[PDB]
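Sequence lines set the chain letters: A, B, ... in the order given, protein chains first and strands last, and positions in each chain run from 1.
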Amino acid sequence: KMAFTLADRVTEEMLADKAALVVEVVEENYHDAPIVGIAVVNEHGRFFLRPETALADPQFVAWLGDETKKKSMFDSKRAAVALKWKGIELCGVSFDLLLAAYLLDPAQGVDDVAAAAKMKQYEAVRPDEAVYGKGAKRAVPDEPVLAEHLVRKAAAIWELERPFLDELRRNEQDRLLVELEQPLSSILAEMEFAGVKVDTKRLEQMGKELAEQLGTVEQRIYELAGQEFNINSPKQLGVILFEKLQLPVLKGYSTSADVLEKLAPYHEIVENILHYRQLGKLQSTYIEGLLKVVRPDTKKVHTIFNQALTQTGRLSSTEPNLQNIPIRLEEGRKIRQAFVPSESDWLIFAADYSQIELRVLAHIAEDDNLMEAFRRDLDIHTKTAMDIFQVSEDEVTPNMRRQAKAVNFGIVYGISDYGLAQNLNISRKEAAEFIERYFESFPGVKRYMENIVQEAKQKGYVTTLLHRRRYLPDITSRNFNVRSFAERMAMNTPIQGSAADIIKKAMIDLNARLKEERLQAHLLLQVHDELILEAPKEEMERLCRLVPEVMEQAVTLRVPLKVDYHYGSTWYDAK
DNA sequence: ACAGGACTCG
DNA sequence: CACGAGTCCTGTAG
Ligand SMILES: [Ca+2]
Ligand SMILES: [Ca+2]
Ligand SMILES: [Ca+2]
Ligand SMILES: [Ca+2]
């Protein structure tokens, strides 16, 4: 029943200076993907245009790229990237309903117009799954079905903009959408489109080496088990360990990592199995899985950054996930050798905040002892050891620093004696003694942890530095485990989330500076608390001064932000 | 197709 | 594997 014009040519009344716009890409991965239809709703009416028509039309292309022609959209980054791949610029997106819904309630999991519309009780639009199907079944329907769905989405966007903006304003989140998340979305769209170049021969050679090691370790494991079995099967493995070999059952059977490390002394087989799984992971995911997704023409990978998924305001990255490339262990770290700059004589430059979370905590809690440590640029883990174990700097042993570091991680995650006990393999009572010593040395952090839990209870939510919000309705649960989990969220979310606001802001500031300096440098990746760029070799020295400074200056805290930076011919070398 | 259990990362 | 993510394999399922 929704009225529109199924236009067959583009007309001027479709080029109003305010419209809701739908540029539909049905494939889940939108990189180089078809645009299946276009709907426009504005003061003059509702329109559907076939894309071969509209995108071949120079006036429509000019309206798309005209920043004074304001568009309201859902997931403008998807339309933007798919248009970049056809060489078309999208500008003037003044309202993005996906990002508005995300700031209003990240727990909604809003992934289509219908889910966002639900939040204001607008129901005159169907969910995308209902129209398109699921997986194998996911298909573009016939024109009359397609066209009505797209026009309904655009009409929903047109109606919904105002109440969303009203709520964002009451929440004091209007600048967060307009000055942070929307500008960031255009930056992420450039990053994704630029992609990261992969050295595929280097990956194939690492793969060959791994297949050889895996073979030797597999053979060893069979020798030690006196049997053939599927090592990748936690079921078959648990039979081999706890039944055939009679190993102690400390925690059907669990063969997790924590468990196998405690088991390692009882039998040669355990360490071999842990080494197998680690290599098997490099092999299947970071060699095989990565090669499946590099473009065979350009040899680039083009991640998709999900800007509206995490509950704390962080990004995620998929297909591939470039925020979880190995680094911890040397053999996996070599994978980073396959990530190279995209031009001859360019280099990779990586800059990263040092302990941004603890620095945010110092600021938010205003703990005198913590703020002073950072003002002195002390090694925060050594200092925490000195305070909780009551010794001088030179009396801090490595084991002591290891344990104080675990307390610091605990503190930011929202501490509990059970979680620190499990992390450190000590008793609950032992872990509680450390936590008590910690709070005696940082009473501001204690005050803060108490206050933020009671504030989560009175307000129903907690906020970050730039007014991001997470609702915590389980904070009043009569169930202990559920309530504890919400209390940890209350303690952690302002910290993890504020660190996410700062880095997002640094990205915006950085991109403005690069353009103001007309440097060729550009962002490739964000990894939570670090930015990775490529640039000509000749820009390096300017980058060393410009990047850290932008990152350090993104916000003003009561403690300084510290940034280390490195560069080299591959991602691996930018260390 | 989907969950559980493993691994990766900040 | 505490807080926050994502991908691959196995085995059970339809
Ligand atoms: Ca024309
Ligand atoms: Ca980092
Ligand atoms: Ca400062
Ligand atoms: Ca790191």
Side-chain angles (χ1 to χ4, degrees), chain A residues 106 134-138 229-238 251-261 273-290 292-293 303-307 309-329 331-333 335-336 352-358 360-361 406-425 428 431 435 462 470 472 481 484-500 503 525-532:
Chain A
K134 248 291 185 183
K137 269 75 78 60
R138 183 151 184 105
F229 69 109
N230 197 341
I231 303 164
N232 290 319
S233 158
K235 262 266 252 38
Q236 294 181 43
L237 181 61
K251 187 195 188 100
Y253 311 119
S254 154
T255 63
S256 55
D258 171 59
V259 176
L260 260 57
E261 272 150 23
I273 290 174
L274 285 173
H275 187 44
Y276 191 84
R277 285 176 160 172
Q278 94 140 134
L279 304 191
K281 201 14 110 138
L282 299 175
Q283 174 86 296
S284 64
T285 304
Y286 297 106
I287 305 289
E288 291 170 24
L290 209 43
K292 285 178 213 141
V293 292
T303 197
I304 287 176
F305 284 110
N306 204 326
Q307 189 182 354
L309 189 147
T310 80
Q311 301 307 297
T312 51
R314 278 200 168 177
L315 307 173
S316 74
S317 160
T318 47
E319 258 200 290
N321 179 357
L322 294 179
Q323 300 179 318
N324 78 342
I325 299 299
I327 196 152
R328 273 147 203 208
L329 304 166
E331 42 263 276
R333 181 176 198 158
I335 296 290
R336 298 185 171 212
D352 68 86
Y353 289 107
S354 140
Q355 266 124 32
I356 195 172
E357 291 187 333
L358 287 175
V360 168
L361 177 55
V407 180
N408 282 330
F409 277 37
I411 289 302
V412 357
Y413 290 170
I415 24 69
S416 55
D417 44 16
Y418 174 81
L420 182 65
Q422 183 45 209
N423 181 255
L424 287 180
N425 301 309
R428 216 137 156 184
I435 294 157
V462 295
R470 181 177 193 185
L472 292 179
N481 289 325
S484 294
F485 193 12
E487 290 179 353
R488 292 199 290 277
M489 297 180 187
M491 287 184 257
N492 177 252
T493 288
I495 301 168
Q496 188 184 116
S498 295
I503 194 156
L525 299 184
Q526 189 248 48
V527 195
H528 299 318
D529 69 348
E530 62 182 305
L531 301 177
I532 291 110

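- The side chain of A/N232 sits closest to C/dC9 out of B/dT8, C/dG4, C/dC9.
- Closest to the A/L274 side chain, of the nucleotides B/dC7, C/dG4, C/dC9, is B/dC7.
- As rounded to the nearest Å, B/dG5 and C/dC1 have P atoms that lie 10 Å from one another.
- Of the candidate nucleotides C/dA5, C/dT12, B/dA1, C/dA5 has the atom lying nearest to any side-chain atom of A/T310.
- Using a 4.0 Å heavy-atom criterion, one finds that A/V412 contacts no nucleic acid atom at all.
- Rounded to the nearest 0.5 angstrom, A/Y286 OH and A/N324 CG are separated by 3.5 Å.
- Within the structure, a side-chain polar atom (N or O) of A/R488 is placed less than 4.0 Å from OP1 or OP2 of C/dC3.
- Contact annotation: A/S233 reaches the phosphate of C/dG11 (side-chain N/O to OP1 or OP2, under 4.0 Å).
- Summary of the strand contacts: A/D258 and A/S317 both lie near DNA chain C, and taking for each the nucleotide with the nearest heavy atom, the more 5' one is attributed to A/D258.
- When rounded to the nearest whole Å, the span between CZ of A/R333 and P of B/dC9 equals 10 Å.
- Using a 4.0 Å heavy-atom distance criterion, A/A136 is classed as a sugar-phosphate-only contact.
- One can place CG of A/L309 at 11 Å from P of C/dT7, the figure rounded to the nearest angstrom.
- Residue A/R328 has a polar side-chain atom (N or O) positioned under 4.0 Å from OP1 or OP2 of B/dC9.
- In this model, a side-chain donor or acceptor of A/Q496 finds a partner on the base of C/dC3 within 3.5 Å.
- Between C/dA2, C/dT7, B/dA6, one nucleotide has an atom nearer to the side chain of A/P234 than all others, and that is B/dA6.
- A negative value of the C1'-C2'-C3'-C4' torsion places the sugar of B/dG5 in the south (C2'-endo) family.
- In terms of phosphate contacts, A/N324 brings no side-chain nitrogen or oxygen within less than 4.0 Å of OP1 or OP2 of B/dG10.
- Following rounding to the nearest Å, A/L260 (CG) and B/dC7 (P) show an atom-to-atom distance of 8 Å.
- Counting only heavy atoms from C-beta on, A/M489 has its side chain closest to C/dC3 among C/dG6, B/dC9, C/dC3.
- With rounding to the nearest 0.5 angstrom, the CD atom of A/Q278 is 6.0 Å from the CG atom of A/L282.
- Remark: A/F409 CZ is loosely packed, at most 12 non-hydrogen atoms of other residues, nucleotides or ligands lying under 6.0 Å away.
- In this entry C/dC9 carries a south-puckered sugar, per its negative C1'-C2'-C3'-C4' angle.
- The closest side-chain heavy-atom distance from A/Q355 to A/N408 is not below 4.5 Å.
- A/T312 is not listed as a side-chain neighbour of A/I495, based on a closest heavy-atom distance of 4.5 Å or more.
- As judged by a 4.0 angstrom heavy-atom cut-off over every strand, A/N230 is placed among residues touching the sugar-phosphate backbone only.
- Taking atom P on both nucleotides, C/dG6 is separated from C/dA2 by 15 Å, rounded to a whole Å.
- For A/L279 and B/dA6, the CG to P distance is 18 Å, given to the nearest whole Å.
- Nearest nucleotide to the side chain of A/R277, out of C/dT12, B/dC7, B/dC2: B/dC7.
- Atoms NZ (A/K281) and P (B/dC9) sit 11 Å apart, rounded to a whole Å.
- For the pair A/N306 CG and C/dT7 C1', the interatomic distance rounds to 15 Å; values are reported in whole Å.
- In this model, the phosphate group of C/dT12 is approached by a side-chain N or O of A/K235 to a distance below 4.0 Å at OP1 or OP2.
- One finds the CE atom of A/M489 at 11.0 Å from the OG atom of A/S484 (value rounded to the nearest 0.5 Å).
- Atom-to-atom, CG of A/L282 to P of C/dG6 comes out at 20 Å; the value is rounded to the nearest Å.
- Distances were taken from every side-chain heavy atom of A/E288 (C-beta onward) to each of C/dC3, C/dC9, B/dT8; the shortest belongs to C/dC9.
- Tested against A/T255 for a side chain to side chain donor-acceptor pair (under 3.5 Å), the candidates A/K235, A/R277, A/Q236 yield a single pass: A/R277.
- When rounded to the nearest whole Å, the span between CD of A/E319 and P of B/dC9 equals 21 Å.
- Within 4.0 Å (heavy atoms only), A/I495 reaches no atom of the nucleic acid at all.
- Within the 4.0 angstrom heavy-atom criterion, base atoms lie near A/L420.
- When heavy atoms are screened at a 4.0 angstrom cut-off, A/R470 is found touching the sugar-phosphate backbone but no base atom.
- Closest contact between the side chain of A/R314 and the listed nucleotides C/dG4, C/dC3, B/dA6 involves C/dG4.
- Side-chain atoms of A/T285 lie closest to C/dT7 of the nucleotides C/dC1, C/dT10, C/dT7.
- Within 4.0 Å of A/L315, counting heavy atoms only, lies no atom of the nucleic acid at all.
- Nearest nucleotide to the side chain of A/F485, out of C/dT7, B/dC9, C/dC3: C/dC3.
- Remark: A/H528 NE2 to A/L315 CG distance equals 8.5 Å, nearest 0.5 Å.
- A/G414 comes within contact range of no nucleotide atom at all, as no heavy-atom separation falls under 4.0 Å.
- An OP1 or OP2 oxygen of C/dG11 is reached within less than 4.0 angstrom by a side-chain nitrogen or oxygen of A/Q236.
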